[PDB]
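S.K.: Structure incoming, see below.
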Amino acid sequence: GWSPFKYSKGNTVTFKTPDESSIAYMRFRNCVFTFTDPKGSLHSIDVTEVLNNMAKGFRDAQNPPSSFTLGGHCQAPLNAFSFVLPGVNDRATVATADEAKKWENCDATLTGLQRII
Amino acid sequence: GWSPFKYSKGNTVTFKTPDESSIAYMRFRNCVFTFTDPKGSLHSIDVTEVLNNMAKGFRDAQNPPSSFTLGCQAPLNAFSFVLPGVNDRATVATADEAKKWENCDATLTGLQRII
């Protein structure tokens, strides 16, 4: 059965199987990343397949993990840049660490449903 | 005020000012790119700022055109805009997989105006 989840700005976003079985069988539906920009406007994007692809990336793991964490190598907390919306928060549109500094107090949320098959 | 537009699969997508003025003053609102994948599932993306950014690319021009065309030019198709994780080049990375998208539907709707 599907289980909704909700993360907010600053969360370390870790997705875990309920019984420590393999993360590669974790599936997602209706996942929406929402954020504000420095002018205060809202942006949203469906990131369901990004998340499904992340779980499927563990298919070949010999020692299969029971979780995966969004940050990357530094478990980067959820912020306006956690998922790319082309034209808004991509590094062509925000091409500097200084330019990205303006987005430091913008809100961000991640909601969706997960399950294991 | 804002004017609606709508483009369908295989249309040549050209945005044109109505008075032959510079296209760098065209702006967009509520632009959504929708497409189907080879399995039949529907996908959508907000492409409002992608389109604003194309128009903005003409701000510095000495002799700006009165139009720009999504593009030589490629008619609207499932790859006309990128939805990360679905139709990007890391996800559809081989020629046999790309071929499966050839018949997929694609639609572009939004509002436009001169500012």
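If you're wondering about the labels, chains in the structure tokens are A, B, ... by order shown, residues count from 1 in each chain, ligands from 1 in order shown.
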Tell me, counting only C-alpha atoms, for each residue of chain A within 10 Å of chain B, which pair of atoms is nearest and how far apart they are in Å to one decimal, in rows ordered by chain and increasing number, as a tab-separated table.
M.R.:
residue	atom	partner	partner_atom	distance
A:43	CA	B:46	CA	8.5
A:44	CA	B:46	CA	7.8
A:45	CA	B:45	CA	6.6
A:46	CA	B:45	CA	7.4
A:47	CA	B:85	CA	7.3
A:48	CA	B:85	CA	8.0
A:49	CA	B:85	CA	5.1
A:50	CA	B:85	CA	4.5
A:51	CA	B:85	CA	8.1
A:52	CA	B:85	CA	8.5
A:53	CA	B:85	CA	7.0
A:54	CA	B:85	CA	9.4
A:83	CA	B:84	CA	8.7
A:84	CA	B:84	CA	7.4
A:85	CA	B:84	CA	7.8
A:86	CA	B:50	CA	6.7
A:87	CA	B:50	CA	4.5
A:88	CA	B:49	CA	6.3
A:93	CA	B:53	CA	8.9
S.K.: Keeping only N, CA and C atoms, take the residues you just selected and write them out as a PDB file, in the first residue's frame.
M.R.:
ATOM      1  N   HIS A  43       6.939  27.856  -7.275  1.00  0.00           N
ATOM      2  CA  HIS A  43       7.230  26.978  -8.400  1.00  0.00           C
ATOM      3  C   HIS A  43       7.002  25.536  -7.948  1.00  0.00           C
ATOM      4  N   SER A  44       6.484  24.701  -8.842  1.00  0.00           N
ATOM      5  CA  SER A  44       6.241  23.297  -8.534  1.00  0.00           C
ATOM      6  C   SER A  44       6.717  22.442  -9.693  1.00  0.00           C
ATOM      7  N   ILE A  45       7.106  21.202  -9.400  1.00  0.00           N
ATOM      8  CA  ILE A  45       7.481  20.269 -10.456  1.00  0.00           C
ATOM      9  C   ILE A  45       7.272  18.846  -9.953  1.00  0.00           C
ATOM     10  N   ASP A  46       6.764  17.990 -10.837  1.00  0.00           N
ATOM     11  CA  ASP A  46       6.595  16.581 -10.514  1.00  0.00           C
ATOM     12  C   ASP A  46       7.943  15.867 -10.581  1.00  0.00           C
ATOM     13  N   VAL A  47       8.377  15.305  -9.459  1.00  0.00           N
ATOM     14  CA  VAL A  47       9.668  14.644  -9.393  1.00  0.00           C
ATOM     15  C   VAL A  47       9.519  13.140  -9.168  1.00  0.00           C
ATOM     16  N   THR A  48       8.333  12.585  -9.454  1.00  0.00           N
ATOM     17  CA  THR A  48       8.080  11.157  -9.234  1.00  0.00           C
ATOM     18  C   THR A  48       9.131  10.266  -9.898  1.00  0.00           C
ATOM     19  N   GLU A  49       9.412  10.506 -11.176  1.00  0.00           N
ATOM     20  CA  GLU A  49      10.313   9.615 -11.896  1.00  0.00           C
ATOM     21  C   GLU A  49      11.756   9.792 -11.433  1.00  0.00           C
ATOM     22  N   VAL A  50      12.158  11.032 -11.104  1.00  0.00           N
ATOM     23  CA  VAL A  50      13.462  11.249 -10.475  1.00  0.00           C
ATOM     24  C   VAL A  50      13.618  10.323  -9.289  1.00  0.00           C
ATOM     25  N   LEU A  51      12.586  10.232  -8.449  1.00  0.00           N
ATOM     26  CA  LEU A  51      12.696   9.394  -7.264  1.00  0.00           C
ATOM     27  C   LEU A  51      12.660   7.916  -7.632  1.00  0.00           C
ATOM     28  N   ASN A  52      11.754   7.520  -8.528  1.00  0.00           N
ATOM     29  CA  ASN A  52      11.729   6.126  -8.986  1.00  0.00           C
ATOM     30  C   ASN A  52      13.071   5.716  -9.579  1.00  0.00           C
ATOM     31  N   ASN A  53      13.688   6.609 -10.364  1.00  0.00           N
ATOM     32  CA  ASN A  53      14.983   6.286 -10.957  1.00  0.00           C
ATOM     33  C   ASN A  53      16.064   6.159  -9.895  1.00  0.00           C
ATOM     34  N   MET A  54      15.951   6.939  -8.815  1.00  0.00           N
ATOM     35  CA  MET A  54      16.942   6.842  -7.746  1.00  0.00           C
ATOM     36  C   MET A  54      16.874   5.477  -7.060  1.00  0.00           C
ATOM     37  N   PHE A  83      15.703  19.767  -6.450  1.00  0.00           N
ATOM     38  CA  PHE A  83      15.342  19.202  -7.742  1.00  0.00           C
ATOM     39  C   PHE A  83      15.341  20.342  -8.738  1.00  0.00           C
ATOM     40  N   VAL A  84      15.761  20.060  -9.971  1.00  0.00           N
ATOM     41  CA  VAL A  84      15.886  21.103 -10.984  1.00  0.00           C
ATOM     42  C   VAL A  84      14.563  21.264 -11.716  1.00  0.00           C
ATOM     43  N   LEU A  85      14.110  22.495 -11.790  1.00  0.00           N
ATOM     44  CA  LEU A  85      13.029  22.908 -12.668  1.00  0.00           C
ATOM     45  C   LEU A  85      13.677  23.739 -13.768  1.00  0.00           C
ATOM     46  N   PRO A  86      13.786  23.237 -15.003  1.00  0.00           N
ATOM     47  CA  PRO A  86      14.512  23.985 -16.040  1.00  0.00           C
ATOM     48  C   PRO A  86      13.930  25.375 -16.247  1.00  0.00           C
ATOM     49  N   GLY A  87      14.819  26.356 -16.350  1.00  0.00           N
ATOM     50  CA  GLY A  87      14.424  27.736 -16.499  1.00  0.00           C
ATOM     51  C   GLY A  87      14.273  28.511 -15.206  1.00  0.00           C
ATOM     52  N   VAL A  88      14.240  27.838 -14.050  1.00  0.00           N
ATOM     53  CA  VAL A  88      13.985  28.529 -12.790  1.00  0.00           C
ATOM     54  C   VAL A  88      15.182  28.432 -11.852  1.00  0.00           C
ATOM     55  N   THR A  93      20.387  29.191 -15.114  1.00  0.00           N
ATOM     56  CA  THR A  93      19.623  30.344 -14.629  1.00  0.00           C
ATOM     57  C   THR A  93      20.207  30.928 -13.355  1.00  0.00           C
TER      58      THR A  93
END
S.K.: Step one, run DSSP on the backbone; step two, keep only residues of chain A assigned to helix (DSSP H, G or I); then write them as an NGL selection string.
M.R.: :A and (23-25 or 48-56 or 97-101)
S.K.: Would you mind listing what lies within 10 Å of range 21-34 of chain B as a PyMOL selection string, with only C-alpha atoms counted and same-chain residues fewer than 3 positions away left out?
M.R.: chain B and resi 2-8+15-18+42-61+63-68+76-83+105-115
S.K.: Could the residues in this selection be written to a file with C-alpha atoms, as a PDB file, in the first residue's frame?
M.R.:
ATOM      1  CA  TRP B   2      -2.840  37.981 -21.689  1.00  0.00           C
ATOM      2  CA  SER B   3      -3.621  35.969 -24.838  1.00  0.00           C
ATOM      3  CA  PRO B   4      -4.001  32.167 -24.776  1.00  0.00           C
ATOM      4  CA  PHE B   5      -2.156  29.960 -27.237  1.00  0.00           C
ATOM      5  CA  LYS B   6      -2.188  26.212 -27.928  1.00  0.00           C
ATOM      6  CA  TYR B   7       0.169  24.014 -29.957  1.00  0.00           C
ATOM      7  CA  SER B   8      -0.151  20.316 -30.792  1.00  0.00           C
ATOM      8  CA  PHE B  15       5.799  33.145 -31.094  1.00  0.00           C
ATOM      9  CA  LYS B  16       5.258  36.457 -32.895  1.00  0.00           C
ATOM     10  CA  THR B  17       4.486  39.982 -31.732  1.00  0.00           C
ATOM     11  CA  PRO B  18       1.327  41.459 -33.303  1.00  0.00           C
ATOM     12  CA  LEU B  42       0.730  11.437 -19.206  1.00  0.00           C
ATOM     13  CA  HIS B  43       3.466  13.868 -18.114  1.00  0.00           C
ATOM     14  CA  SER B  44       3.491  17.642 -17.660  1.00  0.00           C
ATOM     15  CA  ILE B  45       5.942  20.456 -16.841  1.00  0.00           C
ATOM     16  CA  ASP B  46       5.622  24.184 -16.225  1.00  0.00           C
ATOM     17  CA  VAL B  47       7.717  25.753 -19.011  1.00  0.00           C
ATOM     18  CA  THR B  48       6.719  29.393 -18.345  1.00  0.00           C
ATOM     19  CA  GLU B  49      10.222  30.569 -17.440  1.00  0.00           C
ATOM     20  CA  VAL B  50      11.951  28.558 -20.197  1.00  0.00           C
ATOM     21  CA  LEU B  51       9.847  30.574 -22.653  1.00  0.00           C
ATOM     22  CA  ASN B  52      10.399  33.863 -20.803  1.00  0.00           C
ATOM     23  CA  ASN B  53      14.125  33.187 -20.986  1.00  0.00           C
ATOM     24  CA  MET B  54      14.043  32.666 -24.752  1.00  0.00           C
ATOM     25  CA  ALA B  55      12.319  36.015 -25.249  1.00  0.00           C
ATOM     26  CA  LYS B  56      14.798  37.586 -22.805  1.00  0.00           C
ATOM     27  CA  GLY B  57      17.698  36.327 -24.913  1.00  0.00           C
ATOM     28  CA  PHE B  58      16.813  39.076 -27.397  1.00  0.00           C
ATOM     29  CA  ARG B  59      17.122  41.994 -24.952  1.00  0.00           C
ATOM     30  CA  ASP B  60      20.680  42.848 -25.973  1.00  0.00           C
ATOM     31  CA  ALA B  61      20.021  42.594 -29.727  1.00  0.00           C
ATOM     32  CA  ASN B  63      18.066  44.501 -34.482  1.00  0.00           C
ATOM     33  CA  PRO B  64      15.838  42.062 -32.588  1.00  0.00           C
ATOM     34  CA  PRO B  65      13.360  39.928 -34.554  1.00  0.00           C
ATOM     35  CA  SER B  66       9.609  40.051 -34.098  1.00  0.00           C
ATOM     36  CA  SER B  67       9.375  36.300 -33.459  1.00  0.00           C
ATOM     37  CA  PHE B  68      11.202  33.211 -32.279  1.00  0.00           C
ATOM     38  CA  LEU B  76       6.490  20.092 -31.254  1.00  0.00           C
ATOM     39  CA  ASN B  77       7.281  16.602 -29.990  1.00  0.00           C
ATOM     40  CA  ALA B  78       7.691  14.781 -26.674  1.00  0.00           C
ATOM     41  CA  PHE B  79      11.257  16.136 -26.307  1.00  0.00           C
ATOM     42  CA  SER B  80      10.417  19.801 -27.006  1.00  0.00           C
ATOM     43  CA  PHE B  81      10.899  20.547 -23.290  1.00  0.00           C
ATOM     44  CA  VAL B  82      12.777  18.534 -20.661  1.00  0.00           C
ATOM     45  CA  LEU B  83      11.049  16.964 -17.645  1.00  0.00           C
ATOM     46  CA  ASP B 105       1.590  13.087 -28.165  1.00  0.00           C
ATOM     47  CA  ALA B 106       2.722  16.550 -27.156  1.00  0.00           C
ATOM     48  CA  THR B 107       0.815  19.727 -26.333  1.00  0.00           C
ATOM     49  CA  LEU B 108       1.917  23.227 -25.305  1.00  0.00           C
ATOM     50  CA  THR B 109      -0.553  25.647 -23.718  1.00  0.00           C
ATOM     51  CA  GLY B 110      -0.022  28.969 -22.004  1.00  0.00           C
ATOM     52  CA  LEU B 111      -0.678  32.695 -21.983  1.00  0.00           C
ATOM     53  CA  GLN B 112       1.415  35.391 -23.650  1.00  0.00           C
ATOM     54  CA  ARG B 113       1.601  39.175 -23.888  1.00  0.00           C
ATOM     55  CA  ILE B 114       3.841  42.135 -24.741  1.00  0.00           C
ATOM     56  CA  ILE B 115       5.042  44.006 -21.664  1.00  0.00           C
TER      57      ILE B 115
END
S.K.: Point out the residue among B:103, B:62, B:94, B:69 with the least atom-to-atom distance to residue 13 in chain B, counting only C-alpha atoms.
M.R.: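 Among the listed residues, B:69 lies closest to residue 13 in chain B.
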S.K.: To test your reading of the structure, identify every residue in range 4-113 of chain A that backbone DSSP assigns to strand (DSSP E or B), and report it as a ChimeraX atom specification.
M.R.: /A:4-8,14-16,26-36,42-46,67-69,108-113
S.K.: Compile the contact shell of residue 77 in chain A as a count of residues only: residues with an atom at most 7 Å away, counting only C-alpha atoms, same-chain residues fewer than 6 positions apart removed.
M.R.: 5
S.K.: Excluding range 15-29 of chain A and any residue of its chain fewer than 6 positions from it, enumerate the residues within 7 Å of it, using only C-alpha atoms, and give them as a ChimeraX atom specification.
M.R.: /A:48,51-52,55-56,58-59,64-69,112-117
S.K.: Write the residues of the selection above to a file with N, CA, C and O atoms, as a CSV table (one decimal), in the first residue's frame.
M.R.:
chain,number,residue,atom,x,y,z
A,48,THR,N,8.3,12.6,-9.5
A,48,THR,CA,8.1,11.2,-9.2
A,48,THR,C,9.1,10.3,-9.9
A,48,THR,O,9.7,9.3,-9.3
A,51,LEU,N,12.6,10.2,-8.4
A,51,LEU,CA,12.7,9.4,-7.3
A,51,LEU,C,12.7,7.9,-7.6
A,51,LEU,O,13.5,7.1,-7.1
A,52,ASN,N,11.8,7.5,-8.5
A,52,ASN,CA,11.7,6.1,-9.0
A,52,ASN,C,13.1,5.7,-9.6
A,52,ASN,O,13.6,4.6,-9.3
A,55,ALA,N,15.7,5.0,-6.8
A,55,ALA,CA,15.5,3.7,-6.2
A,55,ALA,C,16.0,2.6,-7.1
A,55,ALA,O,16.7,1.6,-6.7
A,56,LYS,N,15.7,2.7,-8.4
A,56,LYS,CA,16.1,1.7,-9.4
A,56,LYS,C,17.6,1.7,-9.6
A,56,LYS,O,18.1,0.7,-10.1
A,58,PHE,N,19.7,1.3,-7.5
A,58,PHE,CA,20.3,0.3,-6.6
A,58,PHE,C,20.0,-1.2,-7.1
A,58,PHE,O,20.3,-2.1,-6.3
A,59,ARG,N,19.5,-1.3,-8.3
A,59,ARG,CA,19.1,-2.7,-8.8
A,59,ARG,C,20.3,-3.7,-8.7
A,59,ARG,O,20.1,-4.8,-8.3
A,64,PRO,N,22.5,-4.8,-1.0
A,64,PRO,CA,21.4,-3.8,-1.2
A,64,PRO,C,21.1,-3.0,0.0
A,64,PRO,O,20.8,-3.5,1.0
A,65,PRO,N,21.2,-1.7,-0.1
A,65,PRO,CA,20.7,-0.8,1.0
A,65,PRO,C,19.2,-0.8,1.2
A,65,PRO,O,18.4,-1.1,0.3
A,66,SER,N,18.8,-0.5,2.4
A,66,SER,CA,17.4,-0.3,2.7
A,66,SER,C,16.9,1.1,2.7
A,66,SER,O,15.7,1.4,3.0
A,67,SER,N,17.7,2.0,2.3
A,67,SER,CA,17.4,3.4,2.2
A,67,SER,C,18.2,4.1,1.1
A,67,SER,O,19.2,3.6,0.6
A,68,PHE,N,17.8,5.3,0.7
A,68,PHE,CA,18.6,6.2,0.0
A,68,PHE,C,18.3,7.6,0.4
A,68,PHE,O,17.2,7.9,0.9
A,69,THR,N,19.3,8.5,0.4
A,69,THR,CA,19.2,9.9,0.9
A,69,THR,C,19.5,10.8,-0.2
A,69,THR,O,20.5,10.7,-0.9
A,112,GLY,N,4.6,13.4,-1.5
A,112,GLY,CA,4.3,12.3,-2.4
A,112,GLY,C,3.9,11.0,-1.7
A,112,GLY,O,3.7,11.0,-0.5
A,113,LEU,N,3.9,9.9,-2.5
A,113,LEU,CA,3.5,8.6,-2.0
A,113,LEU,C,4.6,7.6,-2.3
A,113,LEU,O,5.2,7.7,-3.4
A,114,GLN,N,4.9,6.7,-1.4
A,114,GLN,CA,5.9,5.6,-1.6
A,114,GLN,C,5.3,4.3,-1.2
A,114,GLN,O,4.4,4.2,-0.4
A,115,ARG,N,5.9,3.2,-1.7
A,115,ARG,CA,5.5,1.9,-1.4
A,115,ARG,C,6.6,0.9,-1.9
A,115,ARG,O,7.5,1.3,-2.6
A,116,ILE,N,6.4,-0.3,-1.5
A,116,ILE,CA,7.4,-1.4,-2.0
A,116,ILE,C,6.6,-2.5,-2.7
A,116,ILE,O,5.5,-2.8,-2.3
A,117,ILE,N,7.1,-3.0,-3.8
A,117,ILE,CA,6.4,-4.0,-4.6
A,117,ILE,C,7.2,-5.3,-4.6
A,117,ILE,O,8.4,-5.3,-4.2
